[PDB]
């Protein structure tokens, strides 16, 4: 998964991420809440006020209205209830033995000149018996003194800030300067409660995220090395530490995210700065009204241009990346996966297709994950391989080709093929998968899509209608009661079956259990399913399709004109080809995808070509 961290598995890494997000949002105390609500209801026509940028960078004399920043009067309680719902309670000064200042929210403040407006939340997570089990440190970074955020233009302010982070280790030393003594008290408190460094989660967003990287960098030498083994997840940070400790999460179109290289100001800092970085998630797109709009994108992309900070806002971090976490596709992803997250206002969502525009970013490689919202989305996949997730709402999908998985989710969902139904083949395994194969051979596996919309240029049956709506049934595609019949198939059971294709060619659906699939002289598509399946070509131009936890399969009689298709399988890195997954065991080629494998019986590895092994 994209948020894998150290050596936690997929699941623990996800629980870790979800906690980092919760304590990070808590540190802002709903700063952007009224703004996010306004954008969601109305769109981004009014753009983004300079006052919001200065608030994000400099903090607030709170809590209440600020010009151009709509204020939710329940900002504070909403935020506190939320962090608690996530399992976290602020720890008091008194619990810490800390002699310094906390305000009425229980927030802690920086300790040295230049750092006194810096903020941090110290939170505890407790088991059902009320024993402390984890400590959360959520940095809320500031630039320093507020009156310095209006002395020049907002663009000068931003530009000067960035140029100041690297010289004299300003960004590196930040947490040591601001919170050096507080963090000593945290060590003592951790130890008295039987916690070590591994039980501490450190997070924060922005200058907060810059603080997370600072603390990582300081963790080896300060506080007796106690936090060296701590968990560091930083959101939308301009900087990256020189350790291997920090998971730097951000949107690729967030102009603050990765603005600096380490903490070094470069020629790209004020432009597009989308070079790959080891600690970073490089290719997560926030598909919001700005990213989507030609008008908003007229000016060159730059942090110095305030509208672009729309993609920096913390509410869309929490909302969008939680949907990644909840995704059915989550365990297919990895750190550099291209993930497009539906982040449009209610107005834009009605008429805008969520798609990878690849705007202001290096060329996206490998498969694309598009994650919808819980409302009605319009989702467009590209001509390569796509994983499209509708979630709730009535969603409409389009896709331009390749191999795809399309998950309608709850609701009444539609796949609009934009082409004649005569250019497609439809198969159905009776277990909720409808397969859609285009005229070039590209297969989509679809679930929970009840309508297919075709475009017929000629009259269908003499009967029907440029756009034509077919209803997906157990027995075929229905218009009223025209049938487009499913391709011929043989279906098994969830036990061990032998299935035999007819000479004409059959989709063979093994399903669960260890199946024996006997193709014939014709063109078969083999779907062994779960279990360890033995699949025999039997002649023809055959396709073998692997999805999910497909087991340990054996393929017999594979030739040049046959094709393997791996779609929604484990262990695939962007632009892996088959060689990355291939080895010889005896006279057999073996392809491994996580703990699943295909053995090509009697096939020499050197005899194979990438064109017959599709890795999506």
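Numbering follows the first chain given and starts at 1.
Stretches 419 to 427 and 308 to 316 differ in mean CA B factor, with 419 to 427 having the higher one. In this crystal structure, the stretch out of 433 to 441 and 318 to 326 whose C-alpha atoms carry the higher mean B factor is 433 to 441. Within the selection 206, 485, 334, 345, the deposited Cα B-factor values reach their highest point at 485. Ranking 276, 225, 458, 255 by the C-alpha B-factor listed in the PDB entry places 458 at the top. Residue 369: CA B factor in the lowest third of modelled residues in this chain (values from the PDB entry). The entry lists a Cα temperature factor for residue 2 that places it in the lowest third of the chain's modelled residues. Per the PDB record, residue ranking by Cα B-factor puts residue 39 in the middle third of the chain. Sort the modelled residues of the chain by CA B factor and residue 165 lands in the highest third.
The PDB entry assigns residue 551 a C-alpha temperature factor belonging to the lowest third of its chain's modelled residues.
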